[PDB]
Amino acid sequence: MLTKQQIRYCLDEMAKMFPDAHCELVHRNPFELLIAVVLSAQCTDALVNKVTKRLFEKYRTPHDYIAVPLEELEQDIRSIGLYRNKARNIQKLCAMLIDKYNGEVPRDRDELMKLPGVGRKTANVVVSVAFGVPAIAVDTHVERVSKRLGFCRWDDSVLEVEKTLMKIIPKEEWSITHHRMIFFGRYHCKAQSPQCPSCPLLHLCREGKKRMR
DNA sequence: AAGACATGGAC
DNA sequence: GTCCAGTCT
Ligand code: SF4
Ligand code: NA
């Protein structure tokens with residue numbers, strides 16, 4: 001694992017590589033964001049943005065989602081992988097927003113996690129992007145980057161990774177650092193072919209030096 | 001607690 | 001024809 005100063009050094013670099021890093025899921029409100037991120041699990045944004053382009057046209061409130069037949073909703077998001085579980089989760093989720101949260105998307109992370117289909121990653125994206133609540137959502141990219149760079153150990157769980165970053169990164173920068181890491185991993189330290197040769201971190205990166213050598 | 005969920009894009 | 005883009009029971 002790198003030293004704290006090194007980690008901050010890696011993050012400060014990513015910041016310069018992707019100064020405009022942001023959430024790339026198209027949404028007009030917290031609710032649209034919630035649905036968008038739920039469909040985003042194990043799927044690409046381009047795909048999700050395409051589907052919600054029409055979905056948010058057909059649905060605009062939770063009453064709209066539970067109004068139609070489950071089979072209908074499934075069809076509406078059929079191109080999304082894991083669409084069956086997602087379609088079902090959305091209906092139970094909307095029902096709960098109505099029954100339990102006065103028909104609104106809760107601003108609490110743990111409260112969001114009670115919603116069917118919502119795990120820690122999803123809840124973290126939502127409170128951060130929609131309500132400015134500092135949080136570090138750990139997805140495939142964040143985890144890969146953290147491990148390749150030696151931010152934490154390869155055996156650490158997503159929670160452990162999240163706790164490592166929170167301990168290092170100042171609460172006031174958790175959100176933006178999260179997006180920078182996403183961008184860094186999505187457009188640079190990719191899973192299939194990382195751009196190590198021209199990376200400003202190879203000089204202190206374990207995965208990068210092994211990749212070259 | 002591994003296992004099932006699952007379409008679509010990048011090679 | 002593989003590999004990659006979280007949650008639940
Ligand atoms: S050196 Fe390679 S593996 Fe390390 S962070 Fe840069 S691109 Fe990722
Ligand atoms: Na949940």
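Because only heavy atoms are used, hydrogens play no part in the values below, and waters and symmetry mates are left out as well, while side chains stay in. Naming: A, B, ... by sequence-line order, numbering from 1 per chain.
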### Contact under 4.0 Å: A:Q42 side-chain N or O vs C:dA5 OP1/OP2
no

### Value in whole Å for how far the P atom of C:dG6 lies from CD1 of A:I90
16 Å

### Summary
Testing B:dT7, C:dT7, B:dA6 for proximity to the side chain of A:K121, the answer is C:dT7

### Message
How many whole angstroms separate atom OH of A:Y83 from atom P of B:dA4?
### Response
18 Å

### Query
Between A:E143 and A:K121, does at least one N-O distance fall below 4.0 Å, as a salt bridge requires?
no

### Query
Atom CD1 of A:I80 to atom P of C:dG6: distance rounded to whole Å?
13 Å

### Message
Of the listed nucleotides (B:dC5, B:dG8, C:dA5), which one gets closest to any side-chain atom of A:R144?
### Response
C:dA5

### Task
Indicate yes or no: at least one non-hydrogen side-chain atom of A:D76 is less than 4.5 angstrom from one of A:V68.
no

### Task
Quick one: sort the A:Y187 and A:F183 rings into parallel, tilted or perpendicular, breaks at 30° and 60°.
perpendicular

### Query
How many Å lie between NZ on A:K114 and P on C:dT7, as a whole number?
15 Å

### Gap in Å between the two P atoms, one belonging to C:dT9 and one to B:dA6, rounded
13 Å

### Task
Name the closest nucleotide to the A:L47 side chain, picking from B:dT7, B:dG8, C:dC4.
B:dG8

### Task
Taking atom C1' in both B:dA1 and C:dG6, compute the distance separating them and give it to the nearest angstrom.
16 Å

### Query
Passes side-chain contact (heavy atoms from CB on, under 4.5 Å), A:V129 versus A:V37? Steps please.
CA-CA 11 Å; A:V129 181; A:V37 175; over 6 Å; no

### A:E24 CD to C:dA5 P, straight-line distance once rounded to whole Å
14 Å

### Summary
Rounded to the nearest 0.5 Å, the CD atom of A:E207 sits from the NZ atom of A:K147 at a distance of 12.0 Å

### Message
Please report the distance, rounded to the nearest Å, between CE in A:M96 and P in C:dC8.
### Response
10 Å

## Note on the structure
Between CD of A:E162 and P of C:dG6 the distance, given in whole Å, is 14 Å

### Query
Hey, is the side chain of A:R120 poking within less than 4.0 Å of OP1 or OP2 on C:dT7, counting only N and O atoms?
no

### Task
Look at the side chain of A:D139 and decide which nucleotide, out of C:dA5, B:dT7, C:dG6, has an atom nearest to it.
C:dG6

### Message
Using whole Å, what does the distance between atom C1' of nucleotide C:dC8 and atom CE of A:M113 come to?
### Response
12 Å

### Message
From C-beta outward on A:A41, which listed nucleotide comes closest to its side chain: B:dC5, C:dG6, B:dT7?
### Response
C:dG6

### Query
Taking the side chain of A:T122 as heavy atoms from C-beta outward, which of C:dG6, B:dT7, B:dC5 is closest to it?
C:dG6

